[PDB]
Amino acid sequence: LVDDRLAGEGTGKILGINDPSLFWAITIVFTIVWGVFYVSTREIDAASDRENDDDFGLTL
Amino acid sequence: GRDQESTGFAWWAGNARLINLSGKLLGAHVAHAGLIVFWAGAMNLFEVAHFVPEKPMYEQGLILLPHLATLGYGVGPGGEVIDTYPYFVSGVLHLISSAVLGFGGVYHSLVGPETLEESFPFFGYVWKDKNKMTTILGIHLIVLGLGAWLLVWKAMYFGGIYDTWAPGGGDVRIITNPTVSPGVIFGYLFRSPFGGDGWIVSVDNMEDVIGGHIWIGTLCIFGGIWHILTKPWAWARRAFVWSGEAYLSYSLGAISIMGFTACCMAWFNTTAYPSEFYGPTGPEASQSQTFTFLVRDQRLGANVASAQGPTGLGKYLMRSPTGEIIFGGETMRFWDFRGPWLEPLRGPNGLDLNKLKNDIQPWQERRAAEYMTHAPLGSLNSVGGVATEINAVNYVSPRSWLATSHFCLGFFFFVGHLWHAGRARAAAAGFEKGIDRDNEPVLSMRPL
Amino acid sequence: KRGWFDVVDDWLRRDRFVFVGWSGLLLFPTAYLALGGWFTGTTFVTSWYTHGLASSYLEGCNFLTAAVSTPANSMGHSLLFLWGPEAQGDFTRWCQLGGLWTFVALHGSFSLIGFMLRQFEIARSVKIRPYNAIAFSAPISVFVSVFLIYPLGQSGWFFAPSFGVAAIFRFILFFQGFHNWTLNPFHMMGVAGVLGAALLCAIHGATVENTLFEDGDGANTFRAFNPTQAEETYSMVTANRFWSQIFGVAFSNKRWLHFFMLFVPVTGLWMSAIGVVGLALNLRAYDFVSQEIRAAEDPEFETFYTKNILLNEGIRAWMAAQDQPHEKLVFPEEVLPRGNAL
Amino acid sequence: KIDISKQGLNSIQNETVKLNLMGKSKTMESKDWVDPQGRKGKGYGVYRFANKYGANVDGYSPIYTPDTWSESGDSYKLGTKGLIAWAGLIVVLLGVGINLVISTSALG
Amino acid sequence: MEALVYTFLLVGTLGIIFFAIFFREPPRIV
Amino acid sequence: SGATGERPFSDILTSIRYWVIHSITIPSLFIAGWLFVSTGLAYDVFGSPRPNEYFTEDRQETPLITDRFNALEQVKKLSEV
Amino acid sequence: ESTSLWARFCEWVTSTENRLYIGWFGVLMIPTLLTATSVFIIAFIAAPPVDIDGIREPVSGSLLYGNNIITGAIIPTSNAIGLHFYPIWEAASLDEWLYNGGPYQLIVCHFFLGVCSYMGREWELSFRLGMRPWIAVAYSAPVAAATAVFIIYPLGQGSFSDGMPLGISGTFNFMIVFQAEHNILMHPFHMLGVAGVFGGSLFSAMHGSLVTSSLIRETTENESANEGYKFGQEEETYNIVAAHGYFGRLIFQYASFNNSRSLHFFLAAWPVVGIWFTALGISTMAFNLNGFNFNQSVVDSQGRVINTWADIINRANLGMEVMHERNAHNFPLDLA
Ligand SMILES: CCCCCCCCCCCCCCCCCC(=O)OC[C@H](CO[C@@H]1O[C@H](CO[C@H]2O[C@H](CO)[C@H](O)[C@H](O)[C@H]2O)[C@H](O)[C@H](O)[C@H]1O)OC(=O)CCCCCCCCCCCCCCCCC
Ligand code: CLA
Ligand code: CLA
Ligand code: CLA
Ligand SMILES: CCCCCCCCCCCCCCCC(=O)OC[C@H](CO[C@@H]1O[C@H](CS(=O)(=O)O)[C@@H](O)[C@H](O)[C@H]1O)OC(=O)CCCCCCCCCCCCCCC
Ligand SMILES: CC1=C(/C=C/C(C)=C/C=C/C(C)=C/C=C/C=C(C)/C=C/C=C(C)/C=C/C2=C(C)CCCC2(C)C)C(C)(C)CCC1
Ligand SMILES: CC1=C(/C=C/C(C)=C/C=C/C(C)=C\C=C/C=C(C)/C=C/C=C(C)/C=C/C2=C(C)CCCC2(C)C)C(C)(C)CCC1
Ligand SMILES: CC1=C(/C=C/C(C)=C\C=C\C(C)=C\C=C\C=C(C)\C=C\C=C(C)\C=C\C2=C(C)CCCC2(C)C)C(C)(C)CCC1
Ligand code: OEX
Ligand SMILES: [Cl-]
């Protein structure tokens, strides 16, 4: 061949993960954002002035 | 019924009066179910009555019979229709079943109880009941799993399924080893929708189709049992509007995706939509044209391998941007096409020049010749051919009808998501009837 | 005792179901004939002798293909009167000669004058400002420039748009092939006016319906209104803040909003009418000479503009023989421009 | 203001239709009323300014006012005598019309 | 030259949009 | 709001007299239009060519009017059976 | 009260005190639309010629390559690419990526996500401001049209080269070829679309003129009538009854909307429904369900074909069909 390319186009890879580094990128970023979300769930709900019980939720 | 005086909904929004009337709402959904079953039976009998063996299925404007053919009813080797009685009994069975379905819909709507809660606690529900809602979701999720298992039971134990890729020619084949490996199943779900990948539209053998419906049947049954024995968690209760119109919008969004997926399935897929019954796909006809002329020009004497077109690219054969040998011309875009007629002439490197030069069978030439003259091109008044055609042939491909109709339905049901979801949040928050003049929210907000 | 003008004025401007007015003495007679001319022509009159075409339901046309076709090109700009020197009182021959087209165009153009006068007469009686009439000036400019001014600059009425659905489509396709009307900056302003007006119509309608005040308890919000109420029916403050944060800019003056809804469409149609006046004299923005000179000097320079010029060559050559039968073009196949294969 | 009794809506047989055409709704007037979707009414009726202005758009400008209808239209003056003559003429003209269509056609 | 005049006209038009949004006359109630 | 002193259309279209009168007038107008085409009168009044007289033994192609001031004579020749 | 980073971040994102409302759709809209905008500006000014037909014949579309504003365009992706996903990292070099039409796919993909997020952002602000929804429903009509010409039509036709070029002259080429291959003018959905814009343009002028004609006198003649309206006025700035009295007499009384709420729904429904259908028209014609074909429909007694205005339209279609993409077809049928 003449030059080098990823050669992943049109190959049906899961999520386009040609190399494992892409897997780490998606997993690490998601875990971080979920991590900061996880520690804030109680505060976010407290504003509702209601407990997140079985009756909690915008309902009509 | 009711009126606008006691409801506030006008006649053009009349079915909105059934939101909190469980019994009458049940009748409405059972009645529309009778309508769906009625159409399936009525069109099945209509298509059978208007079916002639002198022409293939896709030339006669049939869209239901090809579905029955793919299930391996009344078809023989090569896609020939050998019997029409299985199509008849299917049509009658739906037509009669719609009558009992209509009676229940008519009964549960007019005569039956208006609300099911007091008299039938098992069926009674209130939309805000997250638990009861998941049980109904869980139950109807199991019946979907059982429906998926019926497909694999038929393909493995009851006659089999039509396999257009079957060795020795396409025929009804009993699937014995469905592809159940997780890597294959997850491979279809998480591949890109772009060319070459095609998401789930690219499923190319009936082992994967049946293996896939085994996963769906198992997931739905487990998901049905899970959603029956549990109730939504805290993160789910704070992420969704728990009202009747909100649940409707959730399905409208989901059904919108399915409509678009069906539109692409009928347009591209040649495995679950065999070309022997639905006609050639857009790509198939384009590939068929270059194949037809290559065969004719070789017979008239020409090295199709080294024939150069006006642009300098190969006239009959060229290389795809990844190196595979593909048909030349404007069909280069459809190099991903894979059909039961062209695959035998395709080695690991692409099209085989030796096979294309000495080992092209007449049935392959006949298949490609037929497909190029039944390309999906057609007009609204059913005049086959490009827009610059004359009124000679009355033909529009069933794929064209299925792709266009179920895209229009898919898009309108997306607007259904937008409409019925925006209103569900507004109705629940409490400002779906307008801004309150006493406390307008913007007035409290500081100036911008 | 009251004078004739006063007695007639009383009856003409009576408040009845269908207002007549003085302008009705011009509108209704002419408007009825123009309506009647189109229906009669599209149902029984043929275009066999003026165009070599069938354009009546009687011949076998749909609503899409039936039309009142223009006269032949040999007639030039003849007014084609029933008593005119071309057809002298012979009604059936007058219809075959295409005289029904000038009938509709002439009686129809005066009905437009009669309708704009109807708007002025009713506005004055009701004692309101006359901006609807000023607005209707834009449709009149389009009709005058296209159906009257444009053929008057060409060989004859033959090149005017024939009153039909498919006939207008031919007229539209003719302008692309022969005038490059898409490239004309005046159709461009007209397109922006029409697409801009359609945008304004949808946004204003949606914004009002989604900033309504809660003036009732029913979900049917249409009923919570009264035409004589003093309060506004929707929140302009809420509407202004929504579009200020979504789009960055929003209307704060309701009067300016509605004048704009009137200015965009009218200005757009008027600009188009200026462009068609240019096309009457073939003063068309057909080509960019700098790109054509460049393309002639290197066979590598390609732009979408040069690709359209090649498309116009195909339209002109393949359409002229039948579209212009008077030219008696006998183009053999080899001389028509066509690309490889297809 | 607007007097709903003088809008020509007083002879509608069905009271629900009469209330709909008047733009009024006793049920929605109650503050304990509940919308079919579960929303509780705020106390207004169909229109909150009905008392200030007399009515809604429906009351203000109805398009179905049977009171203004002429009483002569309630009955056919010629009675059964004109009615049987109508039935006789319909049959006669129907037969003549069918004969004309067949006679003037390229049938057969 | 033309390419320079086309770019200035385009970025000039974009510059007006920026000012019309952020340096706008604020709408004030009464 | 308010009426211009004319009978409401709903009153007229619900009255028996209207249907007794229009049960004959409307059908007659329909048959009148039918007989206009059926009898061939339309072809002779508007000069539309019957489907068997577009082309004549002499002229096998489309007609073409060329003389403006002799168009009446020329169209009669082109329309001649 | 908000102390957690995410709680404070989510309060800032959903804040209605920002000059421009960011939302959760805004965290999708802003990055995608800025990506598409920046690539569009760079490619429109200085991008190399793109081989669109896959026949190795580059087409120039940038200002620095001898285009003006009218002819300049972003050329669609190469016909060799087809529907294949062609990001930057799938190319050996940026020069190869520019040659094969990479920017078009990048712009279209991020733009499609942007307008979908822009539609969601419109709903979100309404929910935060306590308004009714369905401004986004009205905006779905132009969104559907954009996806039809940029996404769905390439999908049906099988190549992004058949998407609409991002240019003024490029747009016209897209329309002309569309008529030749699908006869869009004779499609009933472009007809409903034209009624949508002609009707919308009519109703915009009628509504604007009627309201302007009924302004209540609140100024003098040395100032604009617009001065009569003060932002935040409780009362109406024009007499609805006066405008209804005029329009109900211009035609007849019951052809006019005395209901202002009904009038504005009609003002919204008519263009939105019209543009919905014309968007479906392009989407349907993506799967080769073309417009009405009445060619050689009228035939005489002896079998000769009597042409109509449809046949004249066909001759124009033949001209465009044989001349579009001259060096791209090797076989007579334009199946692709
Ligand atoms: C206002 C409302 C707007 C609505 C817009 C709606 C559009 C409808 C489409 C998609 C959106 C709906 C949701 C998904 C539906 C399923 C789409 C799909 O099944 O997708 C695939 C289908 C069909 O794909 C085709 O699948 C085919 C499979 O056939 C193969 O296999 C077949 C079976 O054997 C045959 O053998 C055949 O011969 C063989 O070639 C081929 O592989 C084709 O090359 C391949 O294109 O449609 C496609 O191609 C789609 C191409 C990609 C989408 C278009 C670009 C959009 C880009 C967005 C931003 C970029 C990326 C993010 C996107 C998504 C992120 C998750
Ligand atoms: C799939 C279509 C469908 C279905 C299943 C329903 C179902 C229903 N609607 Mg509805 N509706 C629809 C479409 C539909 N609608 C449409 C398109 C509109 C707009 C015009 C409306 C507008 C509307 C309004 C305004 C109202 C309803 C109401 C109702 C409910 C009760 C009707 C009633 O009791 O009055 C009685 C109706 C009749 C007695 C008519 C008798 C005709 C029968 C039922 C049809 C049977 C024909 C069939 C051939 C017989 C089959 C028999 C079988 C054994 C073979 C009911 C559950 C009412 C409601 O909300 O309840 C509170 C009500 O107010 N609808
Ligand atoms: C039409 C079928 C259906 C419907 C309407 C619902 C609806 C619901 N489910 Mg359920 N579920 C289903 C099927 C269904 N489920 C099936 C078949 C299973 C078995 C796998 C489950 C297992 C399940 C679990 C374990 C949970 C729910 C939960 C919920 C609730 C939260 C909704 C949510 O946040 O999801 C939104 C989805 C996400 C936030 C993540 C997106 C991931 C999707 C699937 C994209 C990934 C695509 C890819 C192909 C999936 C790979 C899966 C693999 C097995 C093939 C909700 C009411 C939650 C709950 O409330 O508990 C009671 C909960 O934790 N479901
Ligand atoms: C508002 C009424 C109105 C108006 C403005 C027009 C206008 C027009 N008609 Mg039309 N027409 C009308 C009603 C009207 N018509 C009616 C009711 C019929 C019968 C159904 C017709 C039938 C008709 C036909 C058949 C034709 C026209 C044609 C024309 C056009 C040119 C021919 C022409 O006007 O003759 C000449 C111009 C004039 C006569 C204007 C001069 C007016 C002066 C002031 C009269 C002075 C009178 C004089 C002192 C003598 C007094 C005599 C007596 C009172 C003692 C023209 C634009 C022709 C056409 O369509 O062109 C293709 C055509 O052939 N009309
Ligand atoms: C986008 C980048 C630049 C692109 C430039 C392209 C040219 C066309 C667009 C600019 C010309 C039109 C703007 C008209 C301004 C107007 O009417 O409002 C007047 C504004 C409003 O602010 C005033 O501010 C006042 C506050 S105070 O009084 O100053 O404190 C306050 O009352 C209110 O806001 C207002 O009155 O007054 C100003 O303070 C603006 C400064 C003067 C305008 C600058 C023009 C040149 C911009 C830069 C050009 C070089 C670009 C290259 C940069 C490296
Ligand atoms: C609720 C309601 C509604 C609806 C309803 C419905 C929707 C119903 C349905 C119903 C139905 C859904 C019905 C069905 C029926 C069916 C039937 C009854 C069948 C029968 C059959 C038969 C009779 C036979 C046949 C045959 C055979 C056997 C074979 C072949 C031949 C034949 C075809 C002959 C509405 C809207 C009105 C409104 C009101 C309310
Ligand atoms: C059968 C078969 C198959 C398949 C299978 C399967 C297994 C499927 C599945 C699938 C799945 C398994 C899934 C799908 C889809 C999903 C989705 C589509 C999701 C949705 C959700 C969402 C979208 C979300 C929502 C929410 C959340 C929670 C978050 C935030 C936001 C909200 C709230 C909204 C195959 C291909 C192999 C072959 C052929 C056939
Ligand atoms: C021109 C002429 C004349 C006149 C005539 C007239 C004046 C009138 C006629 C008139 C008329 C007035 C006719 C009409 C006809 C009508 C028709 C033919 C109708 C049609 C319609 C239809 C077909 C319908 C459709 C529809 C729509 C629109 C909507 C939906 C539904 C439907 C589809 C049904 C005279 C003698 C002066 C002399 C000169 C010549
Ligand atoms: O690329 Mn654009 O235009 Ca859709 O057809 Mn085939 O491909 Mn090409 O030709 Mn015709
Ligand atoms: Cl080709």
# chains A, B, ... in the order shown; residues from 1 in each chain; ligands from 1

call {"tool": "residues_near_ligand", "arguments": {"ligand": "ligand 10", "cutoff": "7 Å", "atoms": "only C-alpha atoms and all ligand atoms", "output": "VMD selection string"}}
result
(chain B and resid 328 to 331) or (chain G and resid 328 to 331)

call {"tool": "write_last_selection", "arguments": {"atoms": "C-alpha atoms", "output": "mmCIF file, in the first residue's frame"}}
result
data_model
loop_
_atom_site.group_PDB
_atom_site.id
_atom_site.type_symbol
_atom_site.label_atom_id
_atom_site.label_comp_id
_atom_site.auth_asym_id
_atom_site.auth_seq_id
_atom_site.Cartn_x
_atom_site.Cartn_y
_atom_site.Cartn_z
ATOM 1 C CA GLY B 328 -18.665 0.181 -12.380
ATOM 2 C CA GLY B 329 -20.687 3.278 -13.213
ATOM 3 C CA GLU B 330 -23.044 5.127 -10.852
ATOM 4 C CA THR B 331 -23.756 1.726 -9.179
ATOM 5 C CA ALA G 328 -21.380 9.560 -14.738
ATOM 6 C CA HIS G 329 -23.639 7.049 -16.517
ATOM 7 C CA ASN G 330 -22.459 4.057 -18.526
ATOM 8 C CA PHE G 331 -25.880 2.438 -18.920
#

call {"tool": "residues_near_ligand", "arguments": {"ligand": "ligand 2", "cutoff": "6 Å", "atoms": "only C-alpha atoms and all ligand atoms", "output": "MDAnalysis selection string"}}
result
chainID B and resid 1:3 11:12 14:15 17:18 24:25 27:28 31:32 99 102:103 106 109:110

call {"tool": "residues_near_ligand", "arguments": {"ligand": "ligand 8", "cutoff": "8 Å", "atoms": "only C-alpha atoms and all ligand atoms", "output": "number ranges by chain"}}
result
C: 32-41, 43, 100, 103-104

call {"tool": "interface_residues", "arguments": {"of": "chain D", "to": "chain F", "cutoff": "8 Å", "atoms": "only C-alpha atoms", "output": "short mmCIF file (atom, residue, chain, number, x, y, z; two decimals) with C-alpha atoms, in the first residue's frame"}}
result
data_model
loop_
_atom_site.label_atom_id
_atom_site.label_comp_id
_atom_site.auth_asym_id
_atom_site.auth_seq_id
_atom_site.Cartn_x
_atom_site.Cartn_y
_atom_site.Cartn_z
CA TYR D 60 -71.31 37.01 20.87
CA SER D 61 -71.70 35.79 17.27
CA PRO D 62 -73.57 32.49 16.92
CA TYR D 64 -76.90 28.75 14.34
CA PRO D 66 -83.14 28.93 15.07
CA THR D 68 -84.50 34.04 13.61
CA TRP D 69 -85.76 31.31 11.26
CA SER D 70 -88.99 31.99 9.42
CA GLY D 73 -90.21 27.06 6.78
CA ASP D 74 -91.42 24.75 9.55
CA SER D 75 -94.18 23.36 7.33
CA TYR D 76 -94.79 22.72 3.64
CA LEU D 83 -96.08 16.24 -1.84
CA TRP D 86 -93.79 16.05 -6.19
CA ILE D 90 -90.00 12.89 -9.71
CA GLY D 97 -84.12 11.53 -17.94
CA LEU D 100 -82.73 10.72 -22.82
CA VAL D 101 -79.39 9.46 -21.49
CA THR D 104 -78.41 10.06 -26.87
CA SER D 105 -75.63 7.61 -25.97
#

call {"tool": "closest_residue", "arguments": {"among": "B:407, B:9, B:278, B:419", "to": "chain C", "atoms": "only C-alpha atoms"}}
result
B:9

call {"tool": "interface_residues", "arguments": {"of": "chain D", "to": "chain A", "cutoff": "9 Å", "atoms": "only C-alpha atoms", "output": "ChimeraX atom specification"}}
result
/D:37-39

call {"tool": "write_last_selection", "arguments": {"atoms": "N, CA, C and O atoms", "output": "PDB file, in the first residue's frame"}}
result
ATOM      1  N   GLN D  37     -58.948  14.771  32.235  1.00  0.00           N
ATOM      2  CA  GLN D  37     -57.562  14.379  32.414  1.00  0.00           C
ATOM      3  C   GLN D  37     -57.080  14.513  33.848  1.00  0.00           C
ATOM      4  O   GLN D  37     -55.900  14.259  34.109  1.00  0.00           O
ATOM      5  N   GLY D  38     -57.946  14.897  34.783  1.00  0.00           N
ATOM      6  CA  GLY D  38     -57.592  15.014  36.182  1.00  0.00           C
ATOM      7  C   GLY D  38     -57.350  16.425  36.664  1.00  0.00           C
ATOM      8  O   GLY D  38     -57.176  16.623  37.871  1.00  0.00           O
ATOM      9  N   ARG D  39     -57.332  17.410  35.772  1.00  0.00           N
ATOM     10  CA  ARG D  39     -57.099  18.793  36.167  1.00  0.00           C
ATOM     11  C   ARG D  39     -58.334  19.340  36.872  1.00  0.00           C
ATOM     12  O   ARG D  39     -59.460  19.152  36.400  1.00  0.00           O
TER      13      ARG D  39
END

call {"tool": "residues_around", "arguments": {"residues": "residue G:82", "least_positions_apart": "4", "cutoff": "7 Å", "atoms": "only C-alpha atoms", "output": "list in words"}}
result
residues 333 of chain B; 78, 158, 159 and 160 of chain G

call {"tool": "write_last_selection", "arguments": {"atoms": "C-alpha atoms", "output": "PDB file, in the first residue's frame"}}
result
ATOM      1  CA  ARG B 333     -22.541   3.740  -4.496  1.00  0.00           C
TER       2      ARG B 333
ATOM      3  CA  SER G  78     -18.226  11.741  -3.318  1.00  0.00           C
ATOM      4  CA  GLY G 158     -28.085   5.657  -1.685  1.00  0.00           C
ATOM      5  CA  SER G 159     -25.451   8.399  -1.618  1.00  0.00           C
ATOM      6  CA  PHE G 160     -24.787  11.712   0.109  1.00  0.00           C
TER       7      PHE G 160
END

call {"tool": "closest_residue", "arguments": {"among": "B:46, B:291, B:335, B:268", "to": "chain A", "atoms": "only C-alpha atoms"}}
result
B:335

call {"tool": "interface_residues", "arguments": {"of": "chain B", "to": "chain C", "cutoff": "7 Å", "atoms": "only C-alpha atoms", "output": "JSON list (two decimals) with N, CA and C atoms, in the first residue's frame"}}
result
[["chain", "number", "residue", "atom", "x", "y", "z"],
["B", 8, "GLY", "N", -64.99, 19.97, 28.66],
["B", 8, "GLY", "CA", -64.02, 20.94, 28.21],
["B", 8, "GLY", "C", -63.23, 20.52, 27.00],
["B", 9, "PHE", "N", -63.46, 19.32, 26.48],
["B", 9, "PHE", "CA", -62.85, 18.86, 25.24],
["B", 9, "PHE", "C", -63.89, 18.93, 24.13],
["B", 10, "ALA", "N", -63.53, 19.56, 23.02],
["B", 10, "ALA", "CA", -64.43, 19.65, 21.89],
["B", 10, "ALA", "C", -64.54, 18.30, 21.18],
["B", 433, "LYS", "N", -53.51, 25.02, 29.86],
["B", 433, "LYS", "CA", -54.67, 25.81, 29.48],
["B", 433, "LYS", "C", -54.35, 27.29, 29.34],
["B", 434, "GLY", "N", -53.10, 27.68, 29.53],
["B", 434, "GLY", "CA", -52.69, 29.05, 29.33],
["B", 434, "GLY", "C", -51.94, 29.60, 30.53],
["B", 435, "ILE", "N", -51.41, 30.80, 30.33],
["B", 435, "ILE", "CA", -50.68, 31.50, 31.38],
["B", 435, "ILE", "C", -51.68, 32.15, 32.33],
["B", 436, "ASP", "N", -51.44, 32.00, 33.62],
["B", 436, "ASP", "CA", -52.30, 32.61, 34.62],
["B", 436, "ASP", "C", -52.03, 34.11, 34.67],
["B", 437, "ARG", "N", -53.07, 34.91, 34.49],
["B", 437, "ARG", "CA", -52.89, 36.36, 34.48],
["B", 437, "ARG", "C", -52.49, 36.89, 35.85],
["B", 442, "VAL", "N", -43.02, 35.07, 33.88],
["B", 442, "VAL", "CA", -42.00, 35.95, 33.32],
["B", 442, "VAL", "C", -41.92, 37.25, 34.11]]

call {"tool": "residues_around", "arguments": {"residues": "stretch 255-265 of chain G", "least_positions_apart": "3", "cutoff": "8 Å", "atoms": "only C-alpha atoms", "output": "VMD selection string"}}
result
(chain C and resid 204 to 206 208 to 209 221 to 222 225 to 227 233) or (chain D and resid 57) or (chain G and resid 240 to 241 244 247 to 248 251 to 252 268 to 269)

call {"tool": "write_last_selection", "arguments": {"atoms": "N, CA, C and O atoms", "output": "short mmCIF file (atom, residue, chain, number, x, y, z; two decimals), in the first residue's frame"}}
result
data_model
loop_
_atom_site.label_atom_id
_atom_site.label_comp_id
_atom_site.auth_asym_id
_atom_site.auth_seq_id
_atom_site.Cartn_x
_atom_site.Cartn_y
_atom_site.Cartn_z
N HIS C 204 -45.86 33.41 14.17
CA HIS C 204 -46.81 34.27 14.86
C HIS C 204 -48.02 33.47 15.32
O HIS C 204 -48.50 33.64 16.44
N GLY C 205 -48.51 32.58 14.47
CA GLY C 205 -49.63 31.74 14.86
C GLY C 205 -49.28 30.82 16.01
O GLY C 205 -50.07 30.65 16.94
N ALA C 206 -48.10 30.21 15.95
CA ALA C 206 -47.69 29.31 17.02
C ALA C 206 -47.42 30.07 18.31
O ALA C 206 -47.84 29.65 19.39
N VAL C 208 -48.60 32.95 19.39
CA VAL C 208 -49.83 33.42 20.03
C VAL C 208 -50.55 32.26 20.71
O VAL C 208 -50.98 32.38 21.86
N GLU C 209 -50.67 31.13 20.02
CA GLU C 209 -51.39 30.00 20.59
C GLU C 209 -50.67 29.38 21.78
O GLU C 209 -51.30 28.66 22.55
N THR C 221 -59.17 25.79 24.46
CA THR C 221 -58.87 27.19 24.73
C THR C 221 -59.48 28.14 23.70
O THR C 221 -59.43 29.35 23.91
N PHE C 222 -60.05 27.62 22.61
CA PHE C 222 -60.65 28.51 21.62
C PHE C 222 -61.86 29.24 22.18
O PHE C 222 -62.14 30.36 21.76
N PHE C 225 -62.60 33.30 24.83
CA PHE C 225 -62.29 34.55 24.15
C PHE C 225 -63.58 35.26 23.79
O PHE C 225 -64.63 34.63 23.66
N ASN C 226 -63.49 36.58 23.65
CA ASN C 226 -64.59 37.42 23.20
C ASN C 226 -63.98 38.52 22.35
O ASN C 226 -63.00 39.15 22.77
N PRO C 227 -64.51 38.77 21.15
CA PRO C 227 -63.90 39.78 20.27
C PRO C 227 -63.88 41.18 20.87
O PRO C 227 -62.98 41.95 20.54
N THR C 233 -55.34 38.66 24.62
CA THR C 233 -55.62 37.24 24.78
C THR C 233 -54.38 36.39 24.94
O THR C 233 -54.49 35.22 25.30
N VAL D 57 -67.12 34.13 22.53
CA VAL D 57 -67.30 34.23 21.09
C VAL D 57 -68.58 33.53 20.66
O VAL D 57 -69.29 34.01 19.77
N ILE G 240 -60.42 44.42 17.00
CA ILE G 240 -60.67 43.17 16.29
C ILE G 240 -62.03 43.22 15.59
O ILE G 240 -62.19 42.71 14.48
N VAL G 241 -63.02 43.82 16.24
CA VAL G 241 -64.36 43.92 15.66
C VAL G 241 -64.32 44.76 14.39
O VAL G 241 -65.02 44.46 13.41
N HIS G 244 -62.77 42.58 11.69
CA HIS G 244 -63.73 41.57 11.29
C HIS G 244 -64.85 42.17 10.46
O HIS G 244 -65.33 41.55 9.50
N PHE G 247 -63.35 42.60 6.89
CA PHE G 247 -63.11 41.33 6.15
C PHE G 247 -64.43 40.59 5.95
O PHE G 247 -64.61 39.97 4.88
N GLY G 248 -65.33 40.65 6.94
CA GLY G 248 -66.61 40.02 6.75
C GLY G 248 -67.49 40.69 5.72
O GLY G 248 -68.52 40.13 5.35
N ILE G 251 -65.65 39.85 1.62
CA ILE G 251 -66.14 38.60 0.97
C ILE G 251 -67.55 38.34 1.50
O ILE G 251 -68.51 38.58 0.74
N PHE G 252 -67.67 37.86 2.73
CA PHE G 252 -68.97 37.67 3.37
C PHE G 252 -68.73 37.30 4.83
O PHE G 252 -67.64 36.86 5.21
N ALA G 268 -51.15 29.32 12.06
CA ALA G 268 -50.08 28.37 12.33
C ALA G 268 -50.28 27.03 11.64
O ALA G 268 -49.32 26.45 11.14
N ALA G 269 -51.51 26.53 11.60
CA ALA G 269 -51.76 25.21 11.04
C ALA G 269 -51.49 25.17 9.54
O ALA G 269 -50.93 24.20 9.03
#

call {"tool": "residues_near_ligand", "arguments": {"ligand": "ligand 4", "cutoff": "7 Å", "atoms": "only C-alpha atoms and all ligand atoms", "output": "count of residues only"}}
result
19

call {"tool": "residues_around", "arguments": {"residues": "residue G:190", "least_positions_apart": "4", "cutoff": "7 Å", "atoms": "only C-alpha atoms", "output": "number ranges by chain"}}
result
G: 184-185, 194, 278, 281

call {"tool": "residues_near_ligand", "arguments": {"ligand": "ligand 7", "cutoff": "10 Å", "atoms": "only C-alpha atoms and all ligand atoms", "output": "PyMOL selection string"}}
result
(chain B and resi 148+179-190+199-220+235-241+250+253-254+257-258+271-272) or (chain G and resi 24)
